[PDB]
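Here is the structure we will look at.
Computed over heavy atoms, backbone and side chain alike; hydrogens, waters and symmetry mates excluded. Numbered from 1 within each chain, the chains take letters A, B, ... in sequence-line order.
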Amino acid sequence: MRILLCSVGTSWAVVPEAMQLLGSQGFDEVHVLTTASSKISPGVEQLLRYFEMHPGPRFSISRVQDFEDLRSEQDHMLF
Amino acid sequence: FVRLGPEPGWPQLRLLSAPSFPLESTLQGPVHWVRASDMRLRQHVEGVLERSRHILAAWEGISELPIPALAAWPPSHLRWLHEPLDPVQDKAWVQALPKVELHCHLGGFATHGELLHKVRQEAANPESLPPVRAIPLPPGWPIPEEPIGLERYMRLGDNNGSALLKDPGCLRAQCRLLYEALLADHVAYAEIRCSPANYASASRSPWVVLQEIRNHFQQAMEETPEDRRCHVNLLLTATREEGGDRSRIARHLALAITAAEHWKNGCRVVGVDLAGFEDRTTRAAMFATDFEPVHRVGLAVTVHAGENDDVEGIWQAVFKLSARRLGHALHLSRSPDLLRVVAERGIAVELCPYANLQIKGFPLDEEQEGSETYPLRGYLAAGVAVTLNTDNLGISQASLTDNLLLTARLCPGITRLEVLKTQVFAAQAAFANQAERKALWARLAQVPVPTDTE
Amino acid sequence: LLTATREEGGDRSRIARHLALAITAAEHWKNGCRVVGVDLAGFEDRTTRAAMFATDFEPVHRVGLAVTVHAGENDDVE
Amino acid sequence: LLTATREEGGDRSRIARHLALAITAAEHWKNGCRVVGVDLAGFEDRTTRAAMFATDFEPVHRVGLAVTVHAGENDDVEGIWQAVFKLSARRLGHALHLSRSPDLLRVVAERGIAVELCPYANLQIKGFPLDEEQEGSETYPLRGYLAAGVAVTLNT
Ligand SMILES: [Zn+2]
């Protein structure tokens, strides 16, 4: 099996581009970690629409709760 | 695409699984919302990297550590080991050390004080109890002003032993209370020396006495959890004297041969201890033919060749009795050729600091070492397998912890590593089998973490 | 009686176990059936004429155990 | 190692010379090549069996010389018993019958007495089976000795 883990920020397009590392074969499943920021919320749906029109691997857009912005050391340790 | 290469990970970190550190997830539509209950995984990872750094740092030099598990110690803690032992500041560290006891007499445990009365109050026949004789301890005990010699030392234990232990109730109390003293001292393996024929009666054969002693310790061992259990093995003391009755030696030697195959598990008889009257008339070779049956049945022999300031007695003990361990033997350096033989053959030397100080006397708290010092560090430097013991917990009025700390005052500059090396020596010198040695080594790997290092 | 069997240049460990068993049992039972002595039996030859077993049997003599000896298949008075 | 050979006939004058030579050479050289022990070489039988030389080897033990006993063409455990205890041998040569005495095997392992095995010589002199499937009643006792805790060395 081949699983791709991809963190995402304000640049949702990195995940679909990360899909093309292996070529046409792709990944058996991809999982995306996301923070609870509202700025990056619109990118979550853009990932969802891409996943719908490119199905076949398992998808997860798991969002880290109570992590909005990187403010101090406690935020990074929580992430 | 820029690829940074595969990562092998760390050997003990790539085995971690999700169930061990679960991630609570709440499903909002098609997107998971994850949270961490606590910070346990990072505490596990950082504790691993903290330990991994220690092993790699101490990797070069692991052969000099008597206990290989010490390589996981912080480098400051390992430098603490090489520092000289402090008798007053390291009392807590020594107390928590898993210790090995190789030279301990059953009849010299509850000789005076409150422990003597606790054994007496559990006599099965109180009317047969001997009157408590007046045996005043020398002033400054357990550290007398002057050495008292061997004759006065054995008289300090006249309220216990053969006088008291002929009572089945007193014998049971003596065994159980001695085990409680071993547990309180964090002793992991002990070898208790007993004279079952000395406690025999008309209706109680020496085999009955020995079987009671073994089962008293076995019952005490079974009632103790495996984690802190002190394994007790038994040595039978063959006591020599000037004529009188040497059929008691034949009874003890035969009892140890009989008991050797009888118990293959738990508390068991693992050797004989040739002791008693030390003189050129009762030197080792006089009994060489008595111990041929002991050697045929694979019984180990330890010899009390340590008072008369002779070296010829130690020669027969090594070569005429095939002794695996030597009791006391504080004058090996008198024959540098015998000292080389003892180290080469792996014959262990049983040192009893308080008993040696009380009987013989040694310079104390001297900042330099010469010509009179306790020979512990000289023996270690010569490759002798040296063990530290209590001899008599009652007469000497000191535990194994106190005996270890006294070596700081007896030997100037003895390090805390050297104390650990004696425990390793005692484990190697034990008359234990594969199962007992394996269990003992797992206990010795749990060295207490020092406090207030640097 | 416990039999200490002489075996040609062989294990004296079984003899040691038997002789020690008798010494332990001689004083264990003071009534009824009891162990009262040892028997020296087994192989017999000029090697095992039983003079060199005298060291093995001194402990038996110390505890007052009686001894009986097999004069085996042989025509030797020694 | 200086070899003291037992001989049929009781000739012990060359043994006396070899034992005296090793004592003299033991303290003569303290660096480099040095004489470190004596080997009691091979003539079997109850005559010339270990303990007969216990008196001869008292001087060797008194000068700190180690002793190895060289058993050969024999099937008796009494020689090994006497080598360990009457001779205080620190090593044993060709001790291929330790398992036949369970007490002796435990004593050898407990005391750390090494056993010098010579695979080709033992095969050429005694004839152990080769390339057999698992084990049993004929196998070279090397792996049996190792499982018993015996210090085993392989030699030429
Ligand atoms: Zn003692």
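Side-chain atoms of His252(B) and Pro206(B), non-hydrogen and from C-beta on, never get closer than 4.5 Å to each other.
Of the atoms belonging to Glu110(D), heavy atoms from both backbone and side chain fall under 4.5 Å from chain B. At a 4.5 Å heavy-atom cutoff, the contact between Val341(B) and chain D is made by side-chain atoms alone.
Between the side chains of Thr139(D) and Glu132(D), at least one donor-acceptor pair of N or O atoms lies under 3.5 Å.
Interface summary for chain B: among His61(D), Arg111(D), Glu58(D), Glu27(D), the most heavy-atom pairs under 4.5 angstrom belong to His61(D). For chain D, the option among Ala300(B), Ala288(B), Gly346(B), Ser322(B) with the highest count of heavy-atom pairs below 4.5 Å is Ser322(B).
Within 6.0 Å of the CD atom in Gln124(D), the count of heavy atoms belonging to other residues, nucleotides or ligands exceeds 12.
Ion pair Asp309(B)/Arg334(B) flagged as a salt bridge, since at least one NZ, NE, NH1 or NH2 atom sits closer than 4.0 Å to an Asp/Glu carboxylate oxygen.
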